[PDB]
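One structure below.
There are 2 protein chains.
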Amino acid sequence: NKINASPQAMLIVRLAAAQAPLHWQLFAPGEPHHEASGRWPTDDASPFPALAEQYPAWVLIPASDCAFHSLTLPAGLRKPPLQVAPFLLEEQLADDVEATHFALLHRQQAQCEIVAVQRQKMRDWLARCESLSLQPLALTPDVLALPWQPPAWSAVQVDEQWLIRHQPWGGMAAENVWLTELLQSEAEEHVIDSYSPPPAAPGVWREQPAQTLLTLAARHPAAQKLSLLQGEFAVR
Amino acid sequence: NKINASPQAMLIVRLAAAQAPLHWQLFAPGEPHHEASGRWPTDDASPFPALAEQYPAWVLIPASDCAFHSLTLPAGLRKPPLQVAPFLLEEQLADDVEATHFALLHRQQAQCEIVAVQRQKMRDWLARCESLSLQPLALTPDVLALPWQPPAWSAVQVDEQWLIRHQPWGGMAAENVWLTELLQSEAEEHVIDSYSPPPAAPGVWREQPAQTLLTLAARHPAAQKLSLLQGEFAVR
């Protein structure tokens with residue numbers, strides 16, 4: 256009965272610091288530049304500016320700039336999750352509540368999973384998109400584009416930094432040297448499917464045939480549903 | 256293991272003739288105007304123009320303006336489905352191939368399901384969206400927003416016209432008087448789940464608790480994946 260609609264062609268882009276060139280890759284099965292990839296800016300005569308005018312963009316941002324939280328909606332309280340979040344999560348925010356953007360990832364009755372990020376970061380990422388003529392269809396924490404095949408976790412490297420997907424609605428970002436501390440600051444050891452060569456770290460690392468983050472994202476379009484484009488950032 | 260991401264808030268709009276006011280409804284669970292609806296233009300002091308600036312839009316267009324076709328990609332031919340479509344389907348088009356827009360809905364190896372529509376209609380619908388500040392996230396034939404719960408078909412009325420979803424990748428649009436002919440121009444009789452009061456027509460019509468088209472669409476966000484925003488219409 257599944258419709259199994261044919262996947263949407265798109266330009267997948269990962270943004271991080273404004274100072275660094277972004278990563279991009281085209282997902283357009285059957286089309287001439289399918290799987291083309293690159294960086295921007297660059298001195299190469301890149302097709303990126305043309306692709307930005309021809310395809311919608313799925314934008315990934317760094318999980319290191321996000322915070323993932325669970326919360327319980329108080330019994331009898333009829334306020335929506337994103338109004339409850341700033342009040343309940345205030346003690347877990349580095350920034351003032353007014354300086355923080357919240358997005359809802361999942362809800363099961365009273366239990367909500369959210370992502371918090373600085374409003375200024377949202378503004379700067381979206382300004383960069385506009386300056387590049389990128390039309391974002393979703394804005395997703397990068398770690399949430401990784402496969403979720405529990406009970407194993409997933410991992411990949413992007414610019415030496417490890418992205419580790421350890422739960423359905425969150426993940427971690429770590430420098431190679433933190434893994435021992437992070438993976439053993441955690442309660443127990445785990446099994447990790449690694450899409451980059453495994454590091455010497457705690458846990459059972461299973462080396463998968465290597466794939467880049469943007470390739471993993473292209474194979475996981477459902478992850479587009481996990482998006483920070485909510486509330487004041489719902490639409491340009 | 257399912258992520259079951261929380262559904263995206265959006266403005267659902269159905270466009271038809273430029274001369275007719277569109278239908279709109281807000282899908283924004285927990286927010287103040289959730290399920291608000293109306294027409295545009297109107298002399299009511301409608302929230303529509305503000306909603307268009309605050310939420311992305313899912314735009315539905317009439318199935319009566321679309322044609323749904325199956326095709327088989329020739330063996331050994333490496334051309335993409337949307338390049339093969341105009342050549343194979345030429346004899347089934349009312350308009351010249353050059354005047355026709357094609358979109359891919361589904362592919363299973365050599366078998367493809369497409370939708371064909373006049374390029375001018377696409378231009379006019381998208382121009383109307385731009386004039387109204389609607390930012391379309393998808394553009395879907397209305398009949399494809401109906402439930403697909405086989406082996407039964409689905410049906411609902413919109414402005415007296417019946418929309419009947421009879422296959423996973425297509426549907427029909429009919430005036431009340433054509434149903435006898437259409438439902439008995441068909442091979443056999445069928446079971447039809449009707450979200451409007453059933454008409455006196457062939458088949459077994461099962462009256463469901465009544466729902467409007469836009470309400471049915473709001474409950475079926477997966478249908479956003481069935482979209483005419485491909486090729487030259489992939490992005491504004």
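The listed protein sequences correspond, in order, to chains A and B. Letter by letter, the first sequence follows residues 256 to 491 in the numbering used here. Letter by letter, the second sequence follows residues 256 to 491 in the numbering used here. We put the beta carbon where it would ideally sit given N, CA and C, even for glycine.
- Message: For a test of the three-state rule: what should DSSP assign to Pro341(A), helix, strand or coil?
- Response: Working through the first sequence from its first residue, we reach residue 341(A) at position 86. Judged by DSSP in its simplified three-state form, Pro341(A) adopts helix.
- Counted within 10 angstroms of its Cβ, other Cβ atoms place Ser386(B) as buried (16 or more) or exposed: Counting from 1 along the second sequence, the entry for residue 386(B) is found at position 131. Exposed is the call here.
- Determine, using beta carbons only, whether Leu471(B) and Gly458(B) come nearer to each other than 8 angstroms. For the purposes of this step, residue 471(B) is taken as the residue at position 216 of the second sequence. For the purposes of this step, residue 458(B) is taken as the residue at position 203 of the second sequence. No, Cβ-Cβ distance for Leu471(B) and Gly458(B) is not below 8 angstroms.
- Message: In the DSSP assignment, the alpha helix (DSSP H) including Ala473(B) goes from what residue to what residue?
- Response: Numbered from 1 along the second sequence, position 218 holds the residue referred to as residue 473(B). Residues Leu468 to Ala473.
- Whole-angstrom distance between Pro335(B) and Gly285(A), CA atom to CA atom: For this step, residue 285(A) is matched to residue 30 along the first sequence. For this step, residue 335(B) is matched to residue 80 along the second sequence. When rounded, the distance between both Cα atoms is 5 angstroms.
- Item | Interface flag, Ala291(A) vs chain B, CB-CB below 8 angstroms | What you label residue 291(A) is simply residue 36 of the first sequence in a count that begins at 1. False, the Cβ-Cβ gap to chain B never drops below 8 angstroms.
- Query: So with Cβ pairs under 8 angstroms, would you call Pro405(B) a contact of chain A?
  - Reply: Your numbering for residue 405(B) matches position 150 in the second sequence. Interface residue, yes.
- Message: For the structure I just gave you, are there three or more beta carbon pairs, one from the stretch 478-491 of chain B and one from the stretch 375-390 of chain B, closer than 8 angstroms?
- Response: By the Cβ rule, the stretch 478-491 of chain B counts as touching the stretch 375-390 of chain B, because three or more pairs are nearer than 8 angstroms.
- Min CB distance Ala264(A) to chain B below 8 angstroms: Taking the first sequence and counting its residues from 1, one reaches residue 264(A) at position 9. Taking a beta-carbon distance threshold of 8 angstroms, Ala264(A) counts as an interface residue toward chain B.
- Query: So, is the C-beta of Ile267(B) closer than 8 angstroms to a C-beta in chain A?
  - Reply: On the second sequence, position 12 is the one that residue 267(B) refers to. It does not: the Cβ of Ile267(B) has no partner Cβ on chain A nearer than 8 angstroms.
- Give the C-beta separation of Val398(B) and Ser451(B) to the nearest angstrom, bearing in mind that I take them to be a contact with Cβ-Cβ under 8 angstroms. In the second sequence, counting from the first residue as 1, residue 398(B) sits at position 143. In the second sequence, counting from the first residue as 1, residue 451(B) sits at position 196. Contact annotation, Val398(B) with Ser451(B): C-beta distance approximately 14 angstroms; criterion of less than 8 angstroms not satisfied.
- Message: Can you look up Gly486(B) in the DSSP assignment and give me helix, strand or coil?
- Response: Translated into positions along the second sequence, residue 486(B) becomes position 231. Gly486(B) falls in the helix class under three-state DSSP.
- Query: Under 8 angstroms between C-beta atoms, does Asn431(B) make it to chain A?
  - Reply: By one-based count along the second sequence, residue 431(B) stands at place 176. Cβ-Cβ to chain A under 8 angstroms: no for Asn431(B).
- Is it true that the CB of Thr355(B) sits closer than 8 angstroms to the CB of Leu481(B)? Counting from one through the second sequence, the residue named residue 481(B) turns up at place 226. Counting from one through the second sequence, the residue named residue 355(B) turns up at place 100. Between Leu481(B) and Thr355(B), the C-beta spacing is not below 8 angstroms.
- Item | First through last residue of the beta strand (DSSP E) which encompasses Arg383(A) | By one-based count along the first sequence, residue 383(A) stands at place 128. Element bounds for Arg383(A): not the beta strand (DSSP E) but the alpha helix (DSSP H), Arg374 to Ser386.
- Could you check what DSSP says for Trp433(A) in three-state terms: helix, strand or coil? If you number the first sequence from 1, residue 433(A) lands on position 178. Three-state result, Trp433(A): helix.
- Message: List, in chain order, every chain B residue whose beta-carbon is nearer than 8 angstroms to that of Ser409(A).
- Response: Stepping through the first sequence from its first residue, residue 409(A) is reached at position 154. Correct list: empty, because the minimum Cβ distance to chain B is about 12 angstroms.
- Query: Roughly how far, in whole angstroms, is the beta-carbon of residue 197(A) from the beta-carbon of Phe357(A), given that I think they are within contact range, below 8 angstroms?
  - Reply: No answer is possible for residue 197(A): it lies beyond the span of chain A, which begins at 256 and ends at 491.
- Message: On a Cα-Cα basis, can you pick out the residue from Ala272(A), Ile258(A), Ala264(A) and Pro402(A) that is closest to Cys384(A)?
- Response: By one-based count along the first sequence, residue 384(A) stands at place 129. The option with the nearest alpha carbon to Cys384(A) is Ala272(A).
- Query: According to the Cβ coordinates, are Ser449(A) and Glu441(A) closer than 8 angstroms?
  - Reply: The residue you call residue 449(A) lines up with position 194 of the first sequence. The residue you call residue 441(A) lines up with position 186 of the first sequence. Not closer than 8 angstroms, so no.
- Message: Do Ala477(B) and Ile316(A) have their beta-carbon atoms positioned less than 8 angstroms apart in this structure?
- Response: Here residue 316(A) refers to the residue found at position 61 of the first sequence. Here residue 477(B) refers to the residue found at position 222 of the second sequence. For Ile316(A) and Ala477(B), no; Cβs fall outside 8 angstroms.
- Closer than 7 angstroms at the beta carbon, the chain A residues around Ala477(B): Within the second sequence, residue 477(B) is the residue found at index 222, counting from 1. Simply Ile258.
- Query: Since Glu430(A) contacts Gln416(A) with CB under 8 angstroms, what's their CB separation in whole angstroms?
  - Reply: The sequence position of residue 430(A) within the first sequence is 175, counting from 1. The sequence position of residue 416(A) within the first sequence is 161, counting from 1. Indeed, because the Cβ distance is near 6 angstroms, the residues count as touching under 8 angstroms.
- Interface residues of chain B facing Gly285(A) [CB-CB closer than 7 angstroms]: On the first sequence, position 30 is the one that residue 285(A) refers to. Those within 7 angstroms of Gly285(A) in chain B are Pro335 and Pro336.
- Query: To which residues does DSSP link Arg491(B) through a beta bridge?
  - Reply: Here residue 491(B) refers to the residue found at position 236 of the second sequence. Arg491(B) pairs with nothing; no bridge assigned.
- Which bits of chain A does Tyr450(B) rub up against, with CB to CB less than 7 angstroms? Along the second sequence, one-based indexing puts residue 450(B) at 195. Going along chain A, no residue has its Cβ under 7 angstroms from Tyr450(B), so there is no contact; the nearest lies around 18 angstroms.
- Message: I want to know whether the stretch 296-311 of chain A touches the stretch 260-271 of chain A - three or more CB-CB distances under 8 angstroms.
- Response: Three or more pairs of CB atoms, one per stretch, sit closer than 8 angstroms, so the stretch 296-311 of chain A contacts the stretch 260-271 of chain A.
- Message: Which residue marks the beginning of the alpha helix (DSSP H) containing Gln309(A), and which one marks its end?
- Response: As a first step, residue 309(A) is located in the first sequence; it is residue number 54 there, counting from the start. Unbroken alpha helix (DSSP H) run through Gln309(A): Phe303 to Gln309.
- Assuming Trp408(A) and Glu368(A) form a contact by the criterion Cβ under 8 angstroms, report the distance between their Cβ atoms to the nearest whole angstrom. Translated into the one-based positions of the first sequence, residue 408(A) becomes position 153. Translated into the one-based positions of the first sequence, residue 368(A) becomes position 113. Contact flag wrong, Cβ pair sits at about 17 angstroms.
- Task: Take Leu389(A) as the anchor and find which of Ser261(A), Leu277(A) and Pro262(A) has the nearest alpha-carbon.
- Result: Your numbering for residue 389(A) matches position 134 in the first sequence. Put simply, of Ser261(A), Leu277(A) and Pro262(A) the residue whose alpha carbon is nearest the alpha carbon of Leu389(A) is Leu277(A).
- Is any beta-carbon of chain B found at less than 8 angstroms from that of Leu468(A)? Here residue 468(A) refers to the residue found at position 213 of the first sequence. Interface flag for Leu468(A) against chain B is unset, since no Cβ pair is found closer than 8 angstroms.
- Of all Cβ atoms in chain B, is any one closer than 8 angstroms to the Cβ of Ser261(A)? Taking the first residue of the first sequence as position 1, residue 261(A) is located at position 6. So yes, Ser261(A) belongs to the interface.
- Message: Within 8 angstroms of any Cβ in chain B, is that where the Cβ of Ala428(A) sits?
- Response: Walking along the first sequence from the start, residue 428(A) turns up at place 173. Chain B, which has no Cβ nearer than 8 angstroms to the Cβ of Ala428(A), makes this no.
- Per-residue DSSP class, three states only, for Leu438(B): If you number the second sequence from 1, residue 438(B) lands on position 183. Note: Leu438(B) maps to helix in three-state DSSP.
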